[PDB]
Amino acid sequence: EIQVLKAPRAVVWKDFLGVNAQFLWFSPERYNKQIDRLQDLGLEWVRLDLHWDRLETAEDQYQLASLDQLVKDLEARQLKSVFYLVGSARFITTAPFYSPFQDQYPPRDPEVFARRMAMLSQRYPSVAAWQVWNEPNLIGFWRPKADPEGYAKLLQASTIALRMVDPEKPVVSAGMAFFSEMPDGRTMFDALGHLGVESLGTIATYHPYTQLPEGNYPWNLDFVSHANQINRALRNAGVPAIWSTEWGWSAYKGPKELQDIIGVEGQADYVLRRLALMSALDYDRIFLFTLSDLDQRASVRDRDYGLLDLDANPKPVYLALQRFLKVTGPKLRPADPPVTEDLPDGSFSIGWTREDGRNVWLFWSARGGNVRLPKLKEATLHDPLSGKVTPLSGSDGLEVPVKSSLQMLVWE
């Protein structure tokens, strides 16, 4: 089946597309270079992970110097930042004494956590938004079992405390892993909705990782229909906004751990296809995982999600995204695809207009092939993975080659 998408509203990349960042893993010199590369894309939103057991190493004993300096740097570079705090400090963890995962258990008292998020927000008034925990539907962030009621109480205490510091500042709920599914078969969004958590007015967000850009398996590319369903449900619950705070693929060589091996070229291809989908769905903002490759402190797979390598230099995905954003320009308005004949089965098709008024068609199909555009005499085809630019012309319609990877047709 062909999947045509039309976005609900205009997209301004600087407002819409941010990146995750692990700036505290790096020297200031190195993270400022990563920031140079982010600004060269015309982007400014970053999402930073903070781990409570690294910030408060004993009760009321903190390690804030490097975060203090980072916040000043982010403000000086004019980035907009969302910070999330996750994990329990050792003095407050519900972990049993013998657990090797002390910070992966929730706090014994949600108010203690809430006070720390208020202290951070007070200390760092430049931060644009504050996010409460991460992926509480996943065992690795909330042991020993997912607990909707416990997360709801943590989110409520945190939302109250953050709003006391700054009643106007957004409060972002935890990014839910996947589409919020839990091991017990419920979904965290459904369970929190039954608890009335929409009454807190926090931003909703999830991390819809799928093996391929458009779904998990070639015979079931249901990303778009699944995202549409979740997003309509969140809208229907009255959420203020929907973000996706984490999505992406690793270029790692293996061994395979959950994600199939796709390499640097697969990373570039997949990120561009997924971006083309998510920017045409009902998200207010999304954050690619992640700005930089990571060293051996990260898992083998987690080392290679970067736009940038360890030296803060572009990987193929960065160069491809850069070519894509140069073709689109800074702002796209929803539009319709050109009229086609014989578009291949399984194609994806998305139309936009750029700031110069020209049309951009984003399209691909697993089966490749060709498509006829009967009503055009001129258009330019751009392959963002290779940099190839092809002027196409015909007296009676164009023929356009279709690839498994994204291409961009620009036409009047």
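Note that residue numbering follows the sequence shown and begins at 1. Here, rigid core means the biggest group of C-alpha atoms that superpose within 1.5 Å across both forms.
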item: 132-140 against 95-103 - segment lying farther from this form in 4 other deposited structures of this protein (CA RMS, rigid core fit); value: 95-103
item: Segment of higher mean CA temperature factor, 129-137 or 259-267; value: 259-267
item: Given 338-346 and 180-188, the range whose Cα B-factors average higher in the PDB entry; value: 338-346
item: Peak C-alpha temperature factor (PDB record), options 246, 214, 311, 284; value: 311
item: Residue with maximal Cα B-factor (values as given in the PDB entry) among 330, 175, 167, 87; value: 167
item: Modelled-residue ranking by C-alpha temperature factor, third containing residue 373; value: highest
item: Chain thirds of CA B-factor: placement of residue 250; value: middle
item: Record-listed C-alpha B factor of residue 64: chain third; value: middle
item: Relative C-alpha B-factor of residue 42, binned into the chain's lowest, middle or highest third; value: middle
item: Where the record places residue 274 (Cα B-factor, split into thirds across the chain); value: lowest
